[PDB]
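Q: I am attaching a structure below and will ask some questions about it afterwards.
Here, each number is a calculation from the coordinates, and none is a lab measurement. Please note: Cβ atoms are built from the backbone with ideal geometry, for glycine as well, and neighbour counts cover all protein chains shown.
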Amino acid sequence: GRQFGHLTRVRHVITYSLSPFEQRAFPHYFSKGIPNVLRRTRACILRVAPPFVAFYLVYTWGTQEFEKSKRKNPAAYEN
Amino acid sequence: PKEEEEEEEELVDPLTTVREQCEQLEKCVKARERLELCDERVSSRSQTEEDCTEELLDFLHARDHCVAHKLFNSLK
Amino acid sequence: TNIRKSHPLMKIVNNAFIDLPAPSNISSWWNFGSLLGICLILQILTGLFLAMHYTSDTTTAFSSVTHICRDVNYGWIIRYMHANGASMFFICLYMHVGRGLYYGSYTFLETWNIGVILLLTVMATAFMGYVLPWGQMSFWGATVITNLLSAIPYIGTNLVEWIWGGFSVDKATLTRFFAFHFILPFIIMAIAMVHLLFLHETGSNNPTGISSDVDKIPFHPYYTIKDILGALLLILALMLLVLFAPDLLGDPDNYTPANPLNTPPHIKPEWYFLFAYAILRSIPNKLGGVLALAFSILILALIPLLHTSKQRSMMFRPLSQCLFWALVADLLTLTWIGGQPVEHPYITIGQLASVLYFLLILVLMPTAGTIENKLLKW
Amino acid sequence: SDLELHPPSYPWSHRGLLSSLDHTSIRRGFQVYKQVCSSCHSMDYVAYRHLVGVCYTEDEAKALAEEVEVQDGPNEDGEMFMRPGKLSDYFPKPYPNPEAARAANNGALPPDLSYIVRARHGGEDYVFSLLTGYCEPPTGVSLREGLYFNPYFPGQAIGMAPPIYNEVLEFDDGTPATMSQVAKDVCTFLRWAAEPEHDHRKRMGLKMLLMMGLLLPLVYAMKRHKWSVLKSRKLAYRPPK
Amino acid sequence: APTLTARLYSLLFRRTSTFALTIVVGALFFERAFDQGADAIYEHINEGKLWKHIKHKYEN
Ligand code: HEM
Ligand code: HEM
Ligand code: HEM
Ligand SMILES: CCCCCC[C@H]1C(=O)O[C@H](C)[C@H](NC(=O)c2cccc(NC=O)c2O)C(=O)O[C@@H](C)[C@@H]1OC(=O)C(C)C
């Protein structure tokens, strides 16, 4: 186990903070909120999204061919 | 008046009035004419051959779909 | 002097969630540890109330459950919370392991490893769990699976019949499973504490994989309330199922009692084993299929030996970040295939997904790591 | 036979999220069960008392229970007579041995009805469609004896006779016993015979949403408060020189 | 004339005694009023109950 006071060494940093009863819990919730989640979404679409559409494409084509394999089967049997 | 009374205790059902009305629109007459084409087709060479379960089911899907859409408003 | 620190008991509690220093930094992906805890107790808790009404005996098995659902005051919510909590316990277990790989948490060997032991046990538990109501899925689910040990060379047969109590699944098998389904969650609960013990030795990892010693915050306020909110969310979900969609994740045919004569062409283990199911049968081998099924999970214990990157979290690693999601989607693939019949498209694609899985974790991610090193000049 | 079709979405009075069952419609349904299905379909789990809060009333339940004669407990000589009908026991009806169901209906098991809506994919609609579905076999085809035709059925070769339109009645106050009206009602009752808790479940579900609707925001505003100290904290680095 | 929230804090929230007393007193009335309004909302959107069905069977 590790306690405060024995964690690590810190040089010259000041930290100002404020009482919760003195500030808002939702500063600019929407004003600053939305823009940021856009920003984080943007920042990550390209690594998260691609594999999922790949699965998405393989899922719809996969069931497609499953029905068209049997149902479509006949087809032609002419004599 | 009195003729409609015998009509009730002897006939009447909202399913058939709707079925026939649904058996009427585009996808149905088309799915029935794909079914009648095959109907004739296998009973044409009326001997030694395959099946036709398939063309019936596609007709019942298209019908029973729009059947479910309006049907329940008539019941009770 | 503050008794909250010197009392033999509180110490533990102070160390668990009061004074323990944690990263000012963790995010929602760290909640699933409380959620798994909550899951474990709630499961133990509804599970127990079902045991005051359940039975065992093949004759009454199914009958008792319905008795509960219909006759037992409120037996239905209890029964359904139990069955739905079971799924949630997997969603979280899944998410937890997920969080783990992405962020490199697995570098805590002992902790990670205890967690793998925690995975197999809740799997082993939940398996026995669904055999209990004695439904169709319960019977062949309990059959298709267990058998697998019959693939073990020379002694497979012996073991599968030893675990059975007969020559098939019956009398001896339901009581057995109930008892095991009863004692396991307690044992798990112990293991969890040891898991947590080893975790306190290093403290928590964080989204950057850097090291938060320079900025720790007290578990007091912070993570207790961020655990409460979190748990409320877990309640919302569990209740959404139970109260609006009770059987959405449940196979409708575990209704209708057993029958060693039948077997309903379909049958798959509960959703949470689908990916595994897919793997096993995506191999034309009794030995290979089960061997591959094992590796499918026991590979987690291999991950740390293939850490190749000079950074710990994937937070700054686009290449690996891509292979991570490819893994997830690919698991979502295996889950989907597992859910389908062994026919045309479905076979070859589930066969590809399997290879992908093993090739991705065993070759692709480890290489992505080295290339990133080289790119950074490390 | 290898190919199949799935049911449509009949807008049940209990399909919507917070939607109760139609208790008037659960009634007529029990009637459909008693007169028609009950002579082939076991319903081992439901009982006359289960009907008490739902559709019927106290005295009414007693009366319907008395319209049969069940084999009560043995007496002093080890008897096992017969008795009017209580409220207590269920609807164990048609056949003793399971194979005796097979001896009657040719080699076919009319399965328990308590099951049904949750034991078959599609639920009510599959039973609704399977009953009001009944159609005629097109080309190709065959049939053994009277292995009737039904599209909404695995393989299309059922062993169940279509006991739908035989217009039986007792729809008190006045209700036309047409095929479709008769099918909705059986199903509606069958829904309730599978998930009795159904309405309470959703009543609570409403409260669950309504409760969480006050709590989620609140227990969230609470966490904000406490984290706000951290969220607006300001750092400055002031090294020597 | 201070504020509602102010006056509320002084008389009931300040002391953890009254604070807790307030919530147990406030939970009793809430369970009642929330169960009324809720069930009412549940009925109003329904009406195929066994409530309106009774009127028909006061006899036997
Ligand atoms: C009985 C099921 C489990 C329970 C109750 C459990 C409980 C916890 C708790 C409370 C934490 C700290 C909070 C958090 O990081 O979320 C945690 C972290 C961790 N667990 Fe588990 N866990 C379980 C299954 C697992 C699994 C499946 C693994 C991986 C095989 C695992 C390996 C880890 C690791 C490596 C950490 C460290 C996470 C980090 O530092 O970021 N445990 N667990
Ligand atoms: C030791 C506490 C537990 C007890 C006493 C307990 C006892 C029971 C009993 C008597 C049943 C049969 C009644 C029913 O099916 O609803 C059951 C079902 C089940 N429980 Fe448990 N169990 C416990 C912990 C767990 C755990 C840890 C899990 C894993 C999440 C679990 C998952 C299941 C599952 C999957 C089923 C069958 C699924 C279903 O209900 O359809 N339970 N349990
Ligand atoms: C409205 C009253 C009835 C209903 C709702 C009903 C509904 C059902 C349902 C849902 C099945 C199983 C469907 C499936 O497997 O997917 C079934 C099977 C059967 N029931 Fe009925 N039925 C009723 C009356 C009857 C009657 C009067 C008979 C006597 C001819 C009967 C004899 C059968 C038979 C023989 C089967 C076996 C079908 C098979 O599995 O091959 N049932 N019934
Ligand atoms: C009985 C309830 C008292 C709690 C004591 C036991 C429970 C316990 O030890 O509590 C703390 C809360 C423990 N850690 C965390 O939650 C936790 C740790 C880092 C970060 C977060 N969250 C967000 O960043 C956390 O939530 C945790 O959550 O582990 C549970 C699995 C364990 O539960 C168990 O053992 C079971 C074996 C009981």
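Q: Between C:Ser56 and residues 5 or more places away or on another chain, which pairs have amide H atoms under 5 Å apart, with H built 1.01 Å from N, and which residues are they?
A: Placed amide hydrogens put C:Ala61 under 5 Å from C:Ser56.
Q: What is the average number of partner chain Cβ atoms found within 10 Å of a Cβ in E:43-49?
A: On the way: counts 2, 0, 6, 11, 3, 12, 6.
If you average over the peptide's residues, the count of other-chain Cβ atoms is 6.
Q: Give the average, rounded to an integer, of partner chain Cβ atoms located within 10 angstrom of each Cβ in C:60-70.
A: On the way: counts 0, 0, 1, 2, 0, 0, 5, 1, 0, 5, 10.
Mean shielding by partner chains, rounded to a whole number: 2.
Q: Computed over the Cα atoms of chain B, what is the convex hull's projected area averaged over all directions, in nm²?
A: 7.4 nm²
Q: Angle, helix D:23-35 long axis vs. longest principal axis of chain D, Cα atoms, 0 to 90°, nearest 10?
A: 30 degrees
Q: Calculate the FRET efficiency for D:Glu167 and B:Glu4 from the Cβ-Cβ distance with a Förster distance of 25 Å, rounded to the nearest 0.05.
A: Values: r = 17 Å, r/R0 = 0.67.
So the FRET efficiency works out to roughly 0.90.
Q: Which Rg and Dmax, in Å, describe the Cα atoms of chain E?
A: Over chain E's Cα set, Rg and Dmax evaluate to 20.5, 63 Å.
Q: If you don't mind, another one. Could you derive backbone 3J(HN,Hα) for the range D:169-177 from the dihedral phi with the Karplus parameters 6.51, -1.76 and 1.60 (θ = phi - 60°), listing whole Hz in sequence and x where the residue is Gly or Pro?
A: 3J(HN,Hα) across the range D:169-177, in whole Hz: 8, 2, 5, 2, 5, x, 9, x, 7.
Q: Mind listing the phi-derived Karplus ³J(HN,Hα) values for the range D:52-59, rounded to whole Hz, using 6.51, -1.76 and 1.60 with θ = phi - 60°, and x for any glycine or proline?
A: 3, x, 5, 9, 6, 10, 2, 4
Q: Okay, moving on. To the nearest 0.05, how large is the calculated FRET efficiency for E:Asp39 and C:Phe244 if R₀ is 22 Å and r is the Cβ-Cβ distance?
A: Numbers: r = 18 Å, r/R0 = 0.82.
Result of the calculation: an efficiency of 0.75.
Q: Now for a separate question. Could you estimate the translational diffusion coefficient of chain A from the Stokes-Einstein equation, with Rh from the Kirkwood formula over C-alpha pairs, at 20 °C and 1.002 mPa s, in whole µm²/s?
A: Working: Rh = 20.1 Å.
Taking Rh from Cα pairs, D becomes 107 µm²/s.
Q: A follow-up question, please. For C:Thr333, A:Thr63, B:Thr53, which order do you get if you count the other beta carbons within 10 Å of each Cβ and list the fewest first? Could you put the intermediate results ahead of the total?
A: Working: C:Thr333 25, A:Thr63 14, B:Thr53 21.
Exposure proxy ranking, most exposed first: A:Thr63, B:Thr53, C:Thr333.
Q: May I have the convex hull volume per residue, in Å³, for the Cα set of the range C:155-284?
A: Working: hull volume 31.2 nm³, N = 130.
Spelled out: Cα convex hull of the range C:155-284, divided by residues, is 240 Å³.
Q: Treat each spin label as a single point 7 Å out from the Cα along the C-beta direction, and report the E:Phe13 to E:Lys57 distance in nm.
A: Result: 5.3 nm between the two label points.
Q: Rounded to the nearest 10 degrees, what's the angle between the helix B:53-70 long axis and the longest principal axis of chain B, both from Cα atoms, 0 to 90?
A: 20 degrees
Q: Let me ask you something else. HN-Hα J couplings of the range A:12-17 from phi, Karplus 6.51/-1.76/1.60, θ = phi - 60°, integer Hz, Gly and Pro as x?
A: Result, ordered by residue: 10, 10, 8, 10, 8, 9 Hz.
Q: Where does each of D:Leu190, C:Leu35, D:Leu216 land when they are ranked from fewest to most other beta-carbon atoms within 10 angstrom? Could you put the intermediate results ahead of the total?
A: On the way: D:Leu190 27, C:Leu35 22, D:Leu216 15.
Starting with the residue having the fewest Cβ neighbours, the order is D:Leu216, C:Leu35, D:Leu190.
Q: Could you order peptides B:9-22, C:99-112 by the average number of other Cβ atoms within 10 Å of their residues, highest first?
A: Details: B:9-22: 14.8, C:99-112: 19.5.
The packing order, highest mean first, is C:99-112, B:9-22.
Q: So, one more: Project the alpha carbons of the range D:197-241 onto their principal axes and report the range along each, largest first, in whole Å.
A: 75, 13, 8
Q: Counting other C-beta atoms within 10 Å, and keeping those with at most 14, which DSSP coil chymotrypsin sites (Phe, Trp or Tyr not before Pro) do you find in the range C:67-96? Can you show the working numbers first?
A: Working: sites: C:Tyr74, C:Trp76, C:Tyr80, C:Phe89, C:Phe90, C:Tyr94; in loops: C:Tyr74.
Hits after loop and neighbour filter: C:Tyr74.
Q: Rg over Rh of chain C, using C-alpha atoms and the Kirkwood radius, what does it come to?
A: Reported Rg/Rh (Cα atoms, Kirkwood Rh): 0.98.
Q: Please give the contour-minus-distance gain from C:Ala16 to C:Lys377: 0.36 nm per residue of separation, less the Cα-Cα distance, rounded to one decimal in nm. If you can, show how the numbers build up before the last one.
A: Numbers: separation 361, 0.36 × 361 = 129.96 nm, distance 4.08 nm.
Length gained between C:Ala16 and C:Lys377: 125.9 nm.
Q: What is the average number of partner chain Cβ atoms found within 10 Å of a Cβ in C:333-344? Spell out each step's value before the answer.
A: Numbers: counts 6, 0, 0, 5, 3, 0, 0, 3, 1, 0, 3, 6.
Per residue, the average neighbour count from other chains is 2.
Q: Okay, moving on. What is the P(r) of the protein assembly as shown, as percent of Cα-Cα pairs per 20 Å bin from 0?
A: Cα pair-distance distribution for the protein assembly as shown, in percent: 11, 38, 35, 14, 2, 0.
Q: Roughly how compact is the range D:80-135, stated as its Cα Rg over 2.2 N^0.38 Å to two decimals?
A: On the way: Rg = 15.3 Å, N = 56, 2.2 N^0.38 = 10.2 Å.
Cα Rg divided by the expected 2.2 N^0.38 Å: 1.50.
Q: Continuing with the same structure: List the residues of the range A:1-23 whose backbone N lies under 19 Å from a point placed 7 Å from the Cα of C:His7 along the Cα-to-Cβ direction.
A: Under 19 Å, as judged by backbone N against the label point of C:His7, lies no residue of the range A:1-23.
Q: Here's another thing I want to ask about it. Which value, in debye to the nearest 20, gives the size of the charge dipole of chain C about its Cα centre, when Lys and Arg are +1 and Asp and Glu are -1 at the Cβ? Write out the running numbers ahead of the final one.
A: Numbers: 18 positive and 17 negative charges, 154 e Å.
That gives chain C a dipole magnitude of about 740 debye.
Q: Could you work out the percent of alpha carbon pairs in the range C:44-165 separated by over 24 Å, rounded to a whole number? Before the final figure, lay out the partial values.
A: On the way: 3302 of 7381 pairs.
Counting pairs separated by more than 24 Å, the tail of P(r) holds 45 percent.
Q: Please list log₁₀ I(q)/I(0) at q = 0.17 Å⁻¹ for chain D, using the Debye equation with identical point scatterers on the alpha-carbon positions.
A: Results for chain D at q = 0.17 Å⁻¹ read -1.35.
Q: State the answer as a single residue: which of C:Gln340, C:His67, D:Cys37 lies farthest towards the positive end of the charge dipole of the protein assembly as shown, with beta carbon charges of +1 for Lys and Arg and -1 for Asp and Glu, about the Cα centre.
A: The listed residue farthest towards the positive side: C:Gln340.
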